[PDB]
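Every chain is numbered from 1, with letters handed out A, B, ... down the list of sequences. These numbers come from the heavy atoms of this one structure, side chains and all, not from hydrogens, waters or symmetry mates.
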Amino acid sequence: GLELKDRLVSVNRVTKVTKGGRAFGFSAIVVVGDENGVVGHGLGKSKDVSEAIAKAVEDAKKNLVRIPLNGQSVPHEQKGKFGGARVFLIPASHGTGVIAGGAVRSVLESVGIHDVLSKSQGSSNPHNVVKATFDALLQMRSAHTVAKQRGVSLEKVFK
RNA sequence: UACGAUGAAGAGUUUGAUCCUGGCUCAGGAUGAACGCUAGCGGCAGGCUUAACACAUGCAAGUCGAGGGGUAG
């Protein structure tokens, strides 16, 4: 899209030990989405916080992905692991709300979902839970897509 | 592009820094509740969870003369 809004999930300070002393450094994770159909996460590493966030959003502006969000939310229930984390997304209604964790909430608000229930029965690492949410969101295929893949009309997949 | 289902949130903490497993704690609801501070009412509900420990005193199961002898009065 064109009206991309960013959201900083977490900023973590790292350190590399050298002969002299401690070499600090800032890492930031930023998810930027059009709030309607497309979203993308990025990682930025620098020495200043503003520079790290700028590098993160500049890297996240690339490799955007399209996600089906039938009606107002996910079409079906889906699991996504990506190693440590384990996210489970379920559609609820058209007025429920986004019941998500700490880092899943930002992704689900940037992709454009407004009523979903997500349970993170796993780790609490912002680096891995965002990618787990992405893996659980990219495996979703809508009714038209499954009907076209099967070859059957869009009435037998319902009846 | 319908059907039913009105329903599921995390965070801190081991390390110079990272990921994982893993334990502790917190954010919510509730009570025959107690304690501290405070204090204007109305409706309704509740009130010895412990010693089935020991009890002063009052009341808590009587009625029928259309069953009977019927007495004081």
*Planes under 30° and centres under 5.5 Å for B:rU21 and B:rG22*: yes

*If we only count heavy atoms from C-beta on, is the A:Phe134 to A:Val107 side-chain gap below 4.5 Å?*
yes

*Within a strict 4.5 Å, meaning less than it, do heavy atoms of the A:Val39 and A:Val31 side chains meet?*
yes

Between atom [atom1] in [X] and atom [atom2] in [N], what is the gap in whole Å?
| X | N | atom1 | atom2 | answer |
| --- | --- | --- | --- | --- |
| A:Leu69 | B:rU1 | CG | P | 16 Å |
| A:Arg22 | B:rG16 | CZ | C1' | 4 Å |
| A:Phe26 | B:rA17 | CZ | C1' | 13 Å |
| A:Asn125 | B:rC20 | CG | P | 5 Å |

_Could you check whether B:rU13 and B:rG23 make a Watson-Crick or G-U wobble pair, counting it only if both donor-acceptor distances come in under 3.5 Å?_
yes

*asked:* Tell me if B:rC26 and B:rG10 are paired here, counting Watson-Crick or G-U wobble when both donor-acceptor distances sit under 3.5 Å.
replied: yes

*Are OP1 or OP2 of B:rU6 and a side-chain N or O of A:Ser93 less than 4.0 angstrom apart?*
no

*Could you pick out which residue, A:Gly83 or A:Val14, lies toward the 5' side of RNA chain B when each is mapped onto its nearest nucleotide?*
A:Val14

*Hey, which sits more toward the 5' end of RNA chain B by its nearest nucleotide, A:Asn12 or A:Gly122?*
A:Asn12

*Would you mind telling me which of A:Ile113, A:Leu69, A:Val65, A:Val87 makes a side chain to side chain contact (heavy atoms under 4.5 Å, CB included) with A:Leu137?*
A:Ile113

_Could you tell me if A:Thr15 and A:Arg22 have a donor-acceptor pair between their side chains, going purely by distance under 3.5 Å?_
no

